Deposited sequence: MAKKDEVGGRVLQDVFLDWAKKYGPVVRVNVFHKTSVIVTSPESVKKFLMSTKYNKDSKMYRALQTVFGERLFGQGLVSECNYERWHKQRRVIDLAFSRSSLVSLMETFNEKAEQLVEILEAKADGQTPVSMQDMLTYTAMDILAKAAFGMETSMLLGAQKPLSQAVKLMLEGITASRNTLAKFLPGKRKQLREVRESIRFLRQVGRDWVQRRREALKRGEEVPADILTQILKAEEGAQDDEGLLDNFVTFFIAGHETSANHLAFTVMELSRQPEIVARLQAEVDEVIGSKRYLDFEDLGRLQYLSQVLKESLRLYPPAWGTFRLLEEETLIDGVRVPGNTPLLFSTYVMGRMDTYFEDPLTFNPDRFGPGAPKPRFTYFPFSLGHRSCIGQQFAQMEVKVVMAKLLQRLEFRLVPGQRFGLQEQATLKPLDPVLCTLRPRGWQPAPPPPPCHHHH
């Protein structure tokens, strides 16, 4: 992938290197001290130019000015102020139900295929699980992709994601219209779930706190609904894709880590035993699993980095960088430099063991500072629940011909689906 070229240039030409990314010039900055300086201060904001591709795709508005793609500070802070309420500790705890139900359903489906002969794309299975979780937790709606439903919506998402791949890269005639079809499809599903929400509150019906309630609340006194559909599509996608890929990477890696798996099984037996559903307080004690996930994100971060606009010419690590320059920061790159991580190609979860110094601005799969992931705790919870349940009940072997490796898409994800054969534990 393109991130592997940047790593080579980082290693070779040091901490400040001009590059071309999405066919625009920027400076990739790879010192911890630089990361800290620019990420940990609100003085630095995202670069409209770099995110302008995510805002609109092929003349069809995708994330628009939603929580990811909005770069002006004050406009972003206004939404983030209110959307933040849907991610409080009590908000989160109440989602353990959605996470558990979906996790259980996933494990059950796979148990039905656990003959040890039936190939299953774990990438697909984990995408359906993540979307099912997101759709319900965020919007109070059931997609049931895990049981074959909403196969059109699943297809819209797929095409739209290739869309972003070609929009900001790729330098036939039908494939470009299907992407536009897909983007408008997602916006219309948005309208319906927004409408089906308004109708239920027009019947004065009781509806618990949501991401949906919060996005609506942020869009009050808006002449259009566009700022609301922006945030619908942003969360619909951001709230499932990176989690899906993170899961896929982890199961991929694990299929060739028998010792790690054993310890994982060993751990999950002690904390939950055979209990069907996990309580909020259970996740905290899945400490080794926590470590595996953290290491998974170090080698395989779905969201490989972020951009900040450097407005005034500044001196960065002894290099003069000119004003109006986009800064690229890459957790993928830093995670693979032996300057910051001994023997960096080795998947070693002990790196995050208790007592190890926490990596110091050399590792940020959820980014850092104010533009960090609003969904961090959300995804860390959901990912422990799925992984806990998989480890509890099933074993996965990777089908011969399945490659370990990456593709760059809208996010980093396994090049291959994660085709596996499955057995019951024991």
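By the record, the deposited chain contains unmodelled runs at 1 to 10, 182 to 187, 443 to 456, with no C-alpha atoms placed there.
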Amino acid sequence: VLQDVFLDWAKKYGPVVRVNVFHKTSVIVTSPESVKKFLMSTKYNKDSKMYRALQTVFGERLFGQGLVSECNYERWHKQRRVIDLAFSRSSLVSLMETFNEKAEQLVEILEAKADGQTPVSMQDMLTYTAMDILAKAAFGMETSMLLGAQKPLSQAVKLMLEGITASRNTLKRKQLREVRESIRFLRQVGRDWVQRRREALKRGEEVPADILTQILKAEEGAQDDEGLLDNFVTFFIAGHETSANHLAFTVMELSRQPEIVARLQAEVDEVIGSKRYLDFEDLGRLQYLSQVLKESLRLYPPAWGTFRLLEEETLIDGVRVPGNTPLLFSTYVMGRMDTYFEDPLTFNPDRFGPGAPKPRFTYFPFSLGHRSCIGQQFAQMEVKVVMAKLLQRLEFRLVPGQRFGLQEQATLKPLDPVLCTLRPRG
From here on, numbers count along this sequence of modelled residues.
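The term rigid core refers to the most C-alpha atoms you can superpose between the two forms while keeping them within 1.5 Å.
Once the structures in 8 other deposited structures of this protein are superposed via the core, the pair 22 to 30 and 43 to 51 is resolved in favour of 22 to 30 as the more displaced stretch (C-alpha RMS). Comparing 52 to 60 with 374 to 382 in 8 other deposited structures of this protein, after superposition on the rigid core, the stretch with the greater RMS C-alpha deviation is 52 to 60. Figure legend: residue 171 is marked as unmodelled in at least a third of the other comparable entries of the protein. On average the C-alpha atoms of 39 to 47 have higher B-factors than those of the other stretch, with 39 to 47 and 368 to 376 being the two compared. Mean CA temperature factor is higher for 400 to 408 when stretches 9 to 17 and 400 to 408 are set side by side in the entry. Out of 312, 343, 259, 295, the entry records its largest CA B-factor for 312. Per the deposited record, 220 carries the highest C-alpha B-factor of all listed residues (241, 124, 101, 220). Ranked within its chain, residue 360 lands in the lowest third, by CA B factor from the PDB record. Split the chain's modelled residues into thirds by C-alpha temperature factor. Residue 87 is in the middle one. Remark: residue 382 belongs to the lowest third of its chain, ranked by C-alpha B-factor as recorded. In the deposited entry, the Cα temperature factor of residue 391 places it in the middle third of its chain's modelled residues. Per the PDB record, residue ranking by Cα B-factor puts residue 132 in the lowest third of the chain.
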